[PDB]
Amino acid sequence: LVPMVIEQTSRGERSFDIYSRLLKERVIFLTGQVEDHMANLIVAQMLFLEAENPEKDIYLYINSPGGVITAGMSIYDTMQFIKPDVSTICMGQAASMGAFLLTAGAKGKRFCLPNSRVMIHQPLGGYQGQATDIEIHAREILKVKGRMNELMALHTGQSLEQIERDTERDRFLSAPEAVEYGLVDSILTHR
Amino acid sequence: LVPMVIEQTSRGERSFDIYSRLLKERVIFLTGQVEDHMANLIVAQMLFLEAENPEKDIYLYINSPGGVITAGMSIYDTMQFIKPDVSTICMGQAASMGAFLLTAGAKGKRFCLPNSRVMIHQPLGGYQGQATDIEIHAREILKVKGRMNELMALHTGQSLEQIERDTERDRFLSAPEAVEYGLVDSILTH
Amino acid sequence: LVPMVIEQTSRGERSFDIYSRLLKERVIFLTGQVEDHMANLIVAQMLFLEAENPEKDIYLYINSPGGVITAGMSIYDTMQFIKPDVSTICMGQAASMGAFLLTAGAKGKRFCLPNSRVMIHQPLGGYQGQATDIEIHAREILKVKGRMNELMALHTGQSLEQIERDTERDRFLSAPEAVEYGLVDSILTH
Amino acid sequence: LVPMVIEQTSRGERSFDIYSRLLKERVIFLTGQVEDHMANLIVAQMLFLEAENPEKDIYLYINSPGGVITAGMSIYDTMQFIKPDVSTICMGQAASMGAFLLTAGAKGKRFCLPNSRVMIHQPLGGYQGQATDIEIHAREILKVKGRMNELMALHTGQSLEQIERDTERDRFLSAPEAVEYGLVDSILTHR
Amino acid sequence: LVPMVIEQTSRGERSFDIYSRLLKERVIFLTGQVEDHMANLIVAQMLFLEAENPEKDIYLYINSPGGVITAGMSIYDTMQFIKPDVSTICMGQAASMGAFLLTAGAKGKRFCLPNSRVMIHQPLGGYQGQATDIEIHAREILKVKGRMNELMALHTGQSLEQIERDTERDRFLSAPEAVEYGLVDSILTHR
Amino acid sequence: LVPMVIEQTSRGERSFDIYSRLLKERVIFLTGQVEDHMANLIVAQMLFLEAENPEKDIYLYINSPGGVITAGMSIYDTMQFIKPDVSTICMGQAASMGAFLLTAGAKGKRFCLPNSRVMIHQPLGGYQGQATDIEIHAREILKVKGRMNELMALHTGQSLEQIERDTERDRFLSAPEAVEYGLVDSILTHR
Amino acid sequence: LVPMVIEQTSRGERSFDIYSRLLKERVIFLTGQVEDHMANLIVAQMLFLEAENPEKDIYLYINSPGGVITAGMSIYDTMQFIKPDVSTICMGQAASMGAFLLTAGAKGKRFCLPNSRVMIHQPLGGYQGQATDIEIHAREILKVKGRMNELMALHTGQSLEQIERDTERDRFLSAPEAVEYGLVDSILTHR
Amino acid sequence: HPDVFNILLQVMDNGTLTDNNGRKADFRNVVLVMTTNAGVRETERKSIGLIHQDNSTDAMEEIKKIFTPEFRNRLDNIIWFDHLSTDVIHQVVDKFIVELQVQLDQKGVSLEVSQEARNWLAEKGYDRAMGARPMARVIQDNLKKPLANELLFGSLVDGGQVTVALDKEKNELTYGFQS
């Protein structure tokens, strides 16, 4: 289970969860498959940190294999909406949605550990029904793909054409390669 | 797990969950498929906030992909007969019931995010058995179907013909399209 | 996860759940299929509120889709027995047993939201085995049907003939139509 | 979920769960199928209340649909052993075992709501094995029925022959019929 | 759900679970199928009460339908080891292991309610594999069978031939006949 | 549910669960199949006790049916590493890696109850795949077997040949028989 | 159930779970199959300890059968990044990504217990789809394979070719053999 | 702290106070006045949400919760304020200028300030959250800094004849001394 930790506050000793203690230091953890509930929890954490000190910059660690895109967009819009820069430090693994949030971090603050692995892929979805119903759902998936590619280009800085051809099939970009592609500014070796 | 946060109250530091603190600031979170259970939690938050200060306004975030009509309808009726204007914000996605609760907020207070994707379609359900029961069940879904389009037209302001024709089949409306459709305005980032 | 709400007291701040805080305001919630354990919980809340203030009227919301009839009687008998007048507020779907609780509410204090759905139907049950055993169970369900129909006419005021006809087959009634049938006094103004 | 409740005490406010709050008032709740675990909790409550005031009567609400007969004996024997008279109130319905515990209350303290139901039927059990083993089990279940009919007759006041005929097959007794049959003294309407 | 109870000690007011409160009064509850973890809990409660007051006598309420044999011996070994007399009460039912623990109580302190039931059966187990492995395991059950009969004879006081003869097949014993058999000392109807 | 107990101290009253109270007295319960998770709890408890008193003797109540051999070695290594003499007691059954930890106790402190049964057998494991991989995994189990025989020989004192022939097949050893073999020094019936 | 251990300080006595108490002593536990969630706790623990005392060394007990490759890299990247030297102890078992973290420890502060065993093999994975996708996914396994050997060769100090051939198939290395291989500096017989 | 409030209850009802020294004091003729600053803190407090929500709280609401009703029962009357006026704040500049000008009279100095400048300076200093607390500091800062340098040696030593007026483009007061 989660291990309790002690903070030597001036008033007195207090017991906090390991995640809660780190949250007080503007540190959020994105762990596991992306989902509405976990993402909503991250959104709540961001708003709490914003009110405490909007001048300070939030930190976020992306170690996830990806998931639902709808929930992930709530974090993307929230990251840009809030004034604090949401630093992104990919640890271990990043997926299409995880990498999308990794690039969403403020310029100059995105990071990726040396042995971290990033992957980007086109949105995957399916629908079953009448031929007409398949068409409308297909349009949204294509629109999401187009919109996501446009957003990636803005943060990454690569041309839309380059991202589209690269994102058509799974592309595994290591941490050094990510800097070249532009997903991340630099690797985290010294603060 | 829900992280605990410390609030510097005048008496002293108080440790409670993250959602509870946001609930203290009149922030209600609607997430996941709507059901009779989570509906009461949302309604309970609205009733409690109303008693504390009915003059202030309540906020509601929508990140649901659908849900039951009866469960979601309970929140709609709650937001109507209460003085606090319940602001509605779409986070990630909306659906038939999510959008209904999104457009149910007070005119002007309802907002939406830029990359949010909304969807609205008629309720889908079915009943099997003797022909008599299917007739009564089928006639009921038609009556309630018109009610959703009727109430939706009141908030949006569009003609019922547009809503029923559009709602007959799934219609994905992005943030700019929603503004043109008249369902909700855009978030004031500034 | 149910959220917690801080309470203001002169001695010191206290923390209670959203449901528990509402109980302090004489608000009892009902949701989900009626069950023996769920019913005893509502009964416990009614008894506790009665001792606190036997004069102050109680409020009981209903959003259940129906359940076992036996457990529902425990709630009905308690409501009639307790001196406080329960204000039944139909916030959502109300099935045969769910609707029965609304009628049990004290006259003049029953309420139903405008978009709420209240459907009534005869008790549904079955048994399989020897013919002799089936006869006992068959007679019992018919007797129970009479009791529910008889008590329905007491609160609603309609004749037994009328109650028998509407309840013989599945019937779906809207909120305004309920006032005509006498199931509910009137919809909430605000 | 169990809602909490607050009580006022001289030194400070006391917070108790709804079920425990009723325990202070000698109000026990018997809900659900009878079992060795839930029954152990019921007898535990009975013994606790006896020490507090061995004169004040206990109130055991009955809304159970029936259960194992072994666990019922623990509650029945406990009720008779303790000095305080146990008041049995039938809420909703009382099956064979629930009815047995219902009628087991002290004379004058047995009640049934006007809309409650009461079902009674011979014990139900089955043993699959060799003929020699089935012989022992068949005798035991019959002996158990003998012990229940004799005790039901004592509390109800009906003859053993009458109970045997009525208990041979399932029978549902309404609230008024229970008073005539002798299961309870009267309906709970005034006090 | 577990109801809370108030003790109101001289030092102050304390709150304990119903089971924990009874444990303070030396009342231990044995319920459900015997198992290593539940038996470990019972052994822990016996050791704790031993150090609190070894002069006093411990009480055990048995309402178990039988379970693992090895777990039961752990409880039995701790009853004879500790100086306090572990009184045993049969609430509802006692199976082979439940009865072995019931009769294991000190002389003059074993009781059973009038409507209680008892059952004694030979150990049952099975093994599958090579014939050689079955031979070793077969002797183990027979050695254990002799061990249970040897210990039951000491507590009950009957001849080893009678215990094995009667325990060959499932035998049910009511409350009064059990006292004649030596399993229980006397009924707890009144003192 | 686990009961709670009150520890009387001059400073005040402390509430502890039944298991934690026993841990204060250097009593550790090894119950259930050996696993990596449960072993850490036993290992963490041993290390905590060493700091509190690195000279007092620790006690371990072994009532397990055996399990993962490698996880058990984590407990065996810690037993000999820490300066305290880890006394071992056998409650109920003891099997492969349960008995190995029972005999790993310090000389003169290993004990067994009169009815406690010990079982010893060679490690059982299986792997399927390529023939080359099977040879590698097969050689490991054979090497581990020798380590088990070598380690048991030191504690028991018997030659490897005796243990090797006896451990080939399952061997059940009662408390008196186990003492002769050398697993435990004596019984706890009278001390 | 994790037990609660009392810690005495000049300010007062604070009750902490067994794992939290050891965390206060810079003792992290890596138990079970490696995963993103359990790795997040290990990563979070290292950061907290580093801040409390960046000079003091951190100990990471390792009893794991292996797991996800990417999740472990988060832990590995955090060990080299922080200033504290992360000592590693192999209790019971170490496998792929469990042993990699063992050798990843600071030089001169890596140990293995005398009866511990460690295994190493190449990453195991698979994918199903079109041949084009299988090519890129397959190429990634080789990239991590080559990268993993480069890190192991760096810590162990052995030639890259030696690890490549050895890693190809499973190799079970005992504690003394690990020292010769270079995974650990010595055996932890005592400090 | 709550104990501090407890002492207040004694004087309101008993009208006497007992301490360790044991000296008795007379509270028959004493008057008591209090000030509540909790309302000001909540006005500037940020809201944890996507969009900040206006909180036009009233003075009455704070005392209901922060203070026990027992104190309100003994309390005779409670007063409330919102803001003085827009014009009065302009007048506040004039009132300070009166005392500031009185200071110049001692030095035999004359100074004039533009009516428009006086209004803008009042608005700059006055704030809703801080009220008139910083107004005093800004008044002196506008003229004390420049005047100080030249008062030692200059026209200010004899008559002053100072002229003060703001600049439209720079919104900065200009100082000219004509003796």
What's the number of the condition B:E150 fails, among (1) without any contact (Cβ under 8 Å) to a residue 24 or more places away in the chain; (2) under 12 Å from the mean Cα position of the chain (by Cα)? (2)
If I ask for residues that are of a type in the set (D, E, K, R) and under 17 Å from A:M119 (Cα atoms), which ones from the stretch G:128-146 would you list? G:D133, G:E135, G:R139, G:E140, G:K143
Quick check on B:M148: is it buried (at least 16 other Cβ atoms within 10 Å of the Cβ), more than 25 Å from A:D77 (Cβ to Cβ) and hydrophobic (A, V, I, L, M, F, W, C)? yes
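Tell me, please, whether a residue that is surrounded by 19 or more Cβ atoms within 10 Å (Cβ to Cβ) and away from every other protein chain (no Cβ under 11 Å) can be found in the stretch D:142-152.
yes
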Identify the residue in the stretch C:55-73 that is away from chain B (no Cβ under 14 Å) and under 10 Å from the mean Cα position of the chain (by Cα) and, among all such residues, is farthest from D:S116 (Cα to Cα). C:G72
Does G:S96 meet the test of being within 10 Å of another protein chain (Cβ to nearest Cβ), in contact with a strand residue (DSSP E or B) (Cβ under 9 Å, 6 or more places away or on another chain) and either surrounded by 22 or more Cβ atoms within 10 Å (Cβ to Cβ) or hydroxyl-bearing (S, T, Y) (or both)? no
Spot the failing condition for D:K107; the list is (1) of a type outside the set (D, E); (2) on the phi > 0 side of the Ramachandran plot; (3) surrounded by fewer than 18 Cβ atoms within 10 Å (Cβ to Cβ), and only one is missed. (2)
Checked the stretch D:37-66 for anything part of a strand (DSSP E or B) and touching an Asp or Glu at 6+ places or on another chain (Cβ under 6 Å); matches are D:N63
Considering residues of the stretch H:51-104 that are within 14 Å of chain C (Cβ to nearest Cβ) and of a type in the set (S, T, N, Q) only, the residue farthest from H:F5 (Cα to Cα): H:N73
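Table: residues versus (1) closer than 27 Å to A:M46 by Cα; (2) in contact with a helix residue (DSSP H, G or I) (Cβ under 6 Å, 6 or more places away or on another chain).
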{"position": "H:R28", "(1), (2)": "no, no"}
{"position": "H:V33", "(1), (2)": "no, no"}
{"position": "H:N37", "(1), (2)": "no, no"}
{"position": "H:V40", "(1), (2)": "yes, no"}
{"position": "H:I48", "(1), (2)": "yes, yes"}
{"position": "H:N55", "(1), (2)": "yes, no"}
Counted residues, the stretch B:3-34 - those being over 19 Å from A:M38 (Cα atoms) and surrounded by fewer than 22 Cβ atoms within 10 Å (Cβ to Cβ): 12
Considering only residues that are more than 26 Å from the chain's Cα centre (by Cα) and not in a loop (DSSP other than H, G, I, E, B), look in the stretch H:65-88 and name the one that is nearest to B:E55 (Cα to Cα). H:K65
Have a look at G:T78, G:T70, G:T103, G:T88 and point out the one that is more than 24 Å from F:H137 (Cβ to Cβ), more than 7 Å from every other protein chain (Cβ to nearest Cβ), in a helix (DSSP H, G or I) and among the hydroxyl-bearing types (S, T, Y). G:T78
Using the structure shown, decide if D:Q158 is exposed (fewer than 12 other Cβ atoms within 10 Å of the Cβ), polar (S, T, N, Q) and either at the interface with another protein chain (Cβ under 8 Å from one of its Cβ atoms) or outside any helix (DSSP H, G or I) (or both). no
For A:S10, indicate whether it is of a type in the set (S, T, N, Q), in contact with a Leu (Cβ under 7 Å, 6 or more places away or on another chain) and more than 7 Å from every other protein chain (Cβ to nearest Cβ). no
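Okay, residues lined up against (1) over 21 Å from A:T78 (Cα atoms); (2) free of Cβ contacts under 8 Å to residues at least 24 places away in the same chain; (3) surrounded by 15 or more Cβ atoms within 10 Å (Cβ to Cβ); (4) touching a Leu at 6+ places or on another chain (Cβ under 9 Å):
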site	(1), (2), (3), (4)
B:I82	yes, no, yes, yes
B:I89	no, no, yes, yes
B:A94	no, no, yes, yes
B:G98	no, no, yes, yes
B:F111	no, no, yes, yes
B:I134	yes, yes, no, no
Find the residue count for the stretch C:1-38, including only residues that are assigned to a loop (DSSP other than H, G, I, E, B), away from chain H (no Cβ under 14 Å) and basic (K, R). 1
Return only the number of the condition from (1) of a type in the set (D, E, K, R); (2) away from chain H (no Cβ under 14 Å); (3) under 22 Å from H:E62 (Cα atoms) that C:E52 does not satisfy. (3)
For E:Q80, indicate whether it is surrounded by fewer than 17 Cβ atoms within 10 Å (Cβ to Cβ) and without any contact (Cβ under 8 Å) to a residue 12 or more places away in the chain. no
Please give the number of the condition H:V92 fails out of (1) without any contact (Cβ under 8 Å) to a residue 40 or more places away in the chain; (2) part of a helix (DSSP H, G or I); (3) within 17 Å of the chain's Cα centre (by Cα). (1)
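To keep it simple, each residue is scored yes or no on (1) more than 8 Å from chain F (Cβ to nearest Cβ); (2) surrounded by fewer than 22 Cβ atoms within 10 Å (Cβ to Cβ); (3) touching a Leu at 6+ places or on another chain (Cβ under 6 Å).
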| position | (1), (2), (3) |
| --- | --- |
| E:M4 | yes, yes, no |
| E:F16 | no, yes, no |
| E:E25 | yes, yes, no |
| E:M46 | yes, yes, no |
| E:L49 | yes, no, no |
| E:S74 | no, no, no |
Between C:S159, C:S174, which is within 14 Å of chain B (Cβ to nearest Cβ) and either out of contact with any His (no Cβ under 8 Å at 6 or more places or on another chain) or over 29 Å from D:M119 (Cα atoms) (or both)? C:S174
Single residue of the stretch C:74-119 satisfying the filter (under 12 Å from C:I58 (Cα atoms) and part of a strand (DSSP E or B)) that is nearest to the other protein chains (Cβ to nearest Cβ): C:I89
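Conditions tested, residue by residue: (1) charged (D, E, K, R); (2) farther than 27 Å from H:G131 by Cβ.
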{"site": "H:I7", "(1), (2)": "no, yes"}
{"site": "H:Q10", "(1), (2)": "no, yes"}
{"site": "H:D13", "(1), (2)": "yes, yes"}
{"site": "H:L32", "(1), (2)": "no, no"}
{"site": "H:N37", "(1), (2)": "no, no"}
{"site": "H:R74", "(1), (2)": "yes, yes"}
{"site": "H:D82", "(1), (2)": "yes, no"}
{"site": "H:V102", "(1), (2)": "no, no"}
Can you find even one residue in the stretch A:28-36 that is crowded, with 16+ Cβ neighbours inside 10 Å and part of a helix (DSSP H, G or I)? yes
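No lab work stands behind these numbers, since they all come straight from the coordinates. Cβ: placed from backbone, ideal geometry, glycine included. Neighbour counts: every protein chain shown.
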